[PDB]
Amino acid sequence: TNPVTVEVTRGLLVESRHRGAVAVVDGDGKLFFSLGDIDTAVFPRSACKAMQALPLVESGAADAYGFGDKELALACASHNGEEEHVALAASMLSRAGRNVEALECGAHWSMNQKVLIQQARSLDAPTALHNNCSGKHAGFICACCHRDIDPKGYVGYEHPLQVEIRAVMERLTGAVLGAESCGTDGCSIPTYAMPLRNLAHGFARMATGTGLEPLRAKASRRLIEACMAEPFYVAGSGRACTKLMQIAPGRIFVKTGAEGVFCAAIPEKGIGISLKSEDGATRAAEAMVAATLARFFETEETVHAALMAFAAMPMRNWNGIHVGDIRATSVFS
Amino acid sequence: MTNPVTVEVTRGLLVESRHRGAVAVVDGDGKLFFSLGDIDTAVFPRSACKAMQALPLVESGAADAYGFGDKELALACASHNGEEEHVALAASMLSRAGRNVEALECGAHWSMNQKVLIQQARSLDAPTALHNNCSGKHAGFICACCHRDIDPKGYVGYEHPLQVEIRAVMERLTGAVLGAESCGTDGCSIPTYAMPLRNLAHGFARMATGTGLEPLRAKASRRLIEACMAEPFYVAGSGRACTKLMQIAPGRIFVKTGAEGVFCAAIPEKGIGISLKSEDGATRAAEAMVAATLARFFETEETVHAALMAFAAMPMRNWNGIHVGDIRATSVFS
Ligand SMILES: [Cl-]
Ligand SMILES: [Cl-]
Ligand SMILES: [Cl-]
Ligand SMILES: [Cl-]
Ligand SMILES: [Cl-]
Ligand SMILES: [Zn+2]
Ligand SMILES: [Zn+2]
């Protein structure tokens, strides 16, 4: 039933189509704009990494280990596995008296083609540090170590870290997080399906502080402001999240999830954004978060023009010929 | 009409993502055997119709003149991984026509297969036109021109006699109208022509059976389909669905992927052609859909059926090797 949110053209015709859902919620919980089904439970995957970084800050670990915005950004990141990402994750772990062996996420090659070419040339195999979640896992291990909680088995459903993350994420989103909503993430931690409406509300609360206690309100500001200050560390070279946060420095928060999830926030407008490409395609979610953010910057021509470049992405073939476009539909008007 | 949900992607107890699409199954006589969703709206077959495009290579007399075997015919029909074996053979086909990589007008790209791109990164500064998944098809085009003494320069162009011939061939096989209105530019810079899945399926069924084809075309069609089943590594390569699906039932199943979630298939002993499209263009959806479609025809061949159903319902494991959910064709296929 979800509307067609993205078209992919070739010649004079639409070659492929994507359906999806978009929730835009203010800090008080009012729905500002919606497309399609924002009530059915959806897996946020990596899109809610900023929510999961709150124990790192709220525990006092970030302060105890003298982390700045680059380590905060990396803990909120789906990074490319570039040398800067690896080194920082290694550094975050070392400051907690730990190494790569403490990571329980496993290893993978970069999903970014140019970075995988760099990795393939310089490595026999990637390590846990090269995992896009290695920053988030580093932050988890630091959160544990700072409070003298054994980080071994931190991925486990009833490890006190995962108990803390449920409690935090239920408070932010007002969603029920439990066994029936639970799945295993690519990094072997729990991911909880919840309505896009609730996920949007969670990010609006972090962005605005509305309904949050002072410590949580402050920790949420530090994380959102870190990602916007150090956008390379959230993603990296050639990535949409990094480029989208260089359009309007310090003003727009975005984060991708696996399976075509995007979360975003505009703290100055007090709004949180969540969305899902029903088929899970990254290119669709990317076109959709751009067209959605653009609705709020129509009277800022240069920002609007920069966002609309991601909402209407040209495709060139191997000879650099324009063959067609990836275009958000009129539903974003 | 809305296309039905053909593939679900699960995580824990829930459907995380879903795909819609369409399937046409047509016999040699043009009778519809099975269909899902919209099989009348024009769809770009992209690489899925490479075997139809290989007909000038055979029918011209070029394949025989240059002593091409099943491996060369398979490669001409291929979206290959850009492995050393594919590169060497594409180089060999060009060599026999008195040409080299500089004759190719497809451009260069890194392997879309992760393991092979790693090999390529470690062995190359940059790929060449030979590394292009379409280098075999383009080698065949150039070979077809060179044999008939037609200047291969500009063979990608709409009114080059090669592209005029491909149009005439594909219109005769499919019964579809191929013109500028239905034309787009493919990833390799040649024309790709949108046509109904029903017509694409009918096309492959005529190649598979020879029904309504003149003897020359019927024989070239047989040679190409038999070559791809004989040498499935040269159609795709290491770790690829097309190669593995054509090792389930050797000599019996023809499959070919197209960009944007197209699949074509054929079971010549059953007289059927298959075409399908994941509406969102996902590869994983088109793969689950072609396997679930083929499986309907092998329900009394338990070992073939179980091998196809492994692709119809593919498990997903995370970086630690933990089963997280499945990619499953829906009950519309059973
Ligand atoms: Cl993930
Ligand atoms: Cl709170
Ligand atoms: Cl292509
Ligand atoms: Cl293309
Ligand atoms: Cl004919
Ligand atoms: Zn993760
Ligand atoms: Zn091609």
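- By the naming in the PDB entry, chain B is Putative L-asparaginase II protein, taken from Rhizobium etli.
- This deposition appears in the PDB under the title "Crystal structure of Rhizobium etli constitutive L-asparaginase ReAIV (monoclinic form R4mC-2)".

- Looking up chain A in the PDB entry gives the name Putative L-asparaginase II protein, with the organism given as Rhizobium etli.

1. Side note on unusual backbone geometry
Move 1: Not every positive phi belongs to a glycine, and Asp149(B) is a case in point at roughly 65°.
Move 2: Position of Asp149(B) relative to the elements: it lies in the loop between α7 (135-147) and α8 (161-174).

2. Re the pattern of salt bridges
Move 1: Taken as a whole and judged by the stated rule, the model has 28 salt bridges over all chains.
Move 2: Salt-bridge contacts for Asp63(A) lead to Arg222(A); the nearest nitrogen and oxygen are separated by 3.0 Å. Placement of the pair is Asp63(A) in helix α3 (residues 61-64) and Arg222(A) in helix α10 (residues 214-229), with a sequence separation of 159 residues.
Move 3: For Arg147(A), the salt bridge identified is with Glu164(A), shortest N-O distance 2.6 Å. Of this pair, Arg147(A) sits in the loop between α7 (134-146) and α8 (160-173) while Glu164(A) sits in helix α8, and the two are 17 residues apart along the sequence.
Move 4: For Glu164(A), a relative accessible area of 21% corresponds to the partly exposed category.
Move 5: The structure contains a network of salt bridges with shared partners spanning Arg10(A), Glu15(A), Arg46(B) and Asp186(B).

3. Observations regarding the packing of aromatic side chains
All names here are of chain B.
Move 1: All told, the structure shown has 12 aromatic pairs over all chains when counted by the stated rule.
Move 2: Ring geometry for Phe-233 against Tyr-234: centres 5.3 Å apart, planes inclined by 80°, an arrangement best described as edge-to-face.
Move 3: Its relative accessible area of 13% is what places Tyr-234 among the buried residues.
Move 4: A cation over an aromatic ring shows up here: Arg-167 above the ring of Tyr-158, its NZ or CZ 3.8 Å from the ring centre.
Move 5: In this arrangement the basic side chain of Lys-270 is found over the ring face of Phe-298, its NZ or CZ atom lying 4.8 Å from the centre.

4. Some remarks on the nonpolar core
Move 1: Ranked by internal contacts, the top residues of the largest apolar core, which has 115 residues, are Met207(B), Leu245(B), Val255(B) and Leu294(B).
Move 2: With 9 residues, the top contributor of residues to this core is helix α13 (residues 283-295) of chain B.
Move 3: Once residues lying within four places of it in the same chain are set aside, the contact partners of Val255(B) are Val235(B), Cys242(B), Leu245(B), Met246(B), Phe263(B), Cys264(B), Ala265(B) and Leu294(B).
Move 4: Listed in part, the 109 residues of the second largest apolar core include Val86(A), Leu129(A), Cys144(A) and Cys145(A).

Each value, and the rule that gives it
- Residues numbered from 1 in each chain as written, not as in the entry; some residues may be left out.
- Chains lettered and ligands numbered in written order.
- Heavy atoms only, no water.
- Helix = DSSP H or I, 4+ residues; strand = E, 2+ residues; numbered from the N terminus.
- Salt bridge = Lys/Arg side-chain N within 4 Å of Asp/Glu carboxyl O.
- Buried < 20%, exposed > 50% of the residue type's maximum accessible area, 1.4 Å probe, protein only.
- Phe/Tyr/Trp six-rings, centres within 6.5 Å; stacked < 30°, edge-to-face > 60°.
- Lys NZ or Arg CZ within 6 Å of the ring centre and 35° of its normal.
- Core = buried A, V, L, I, M, F, W, Y, C linked by side-chain atoms within 4.5 Å.
- Contact = heavy atoms within 4.5 Å.

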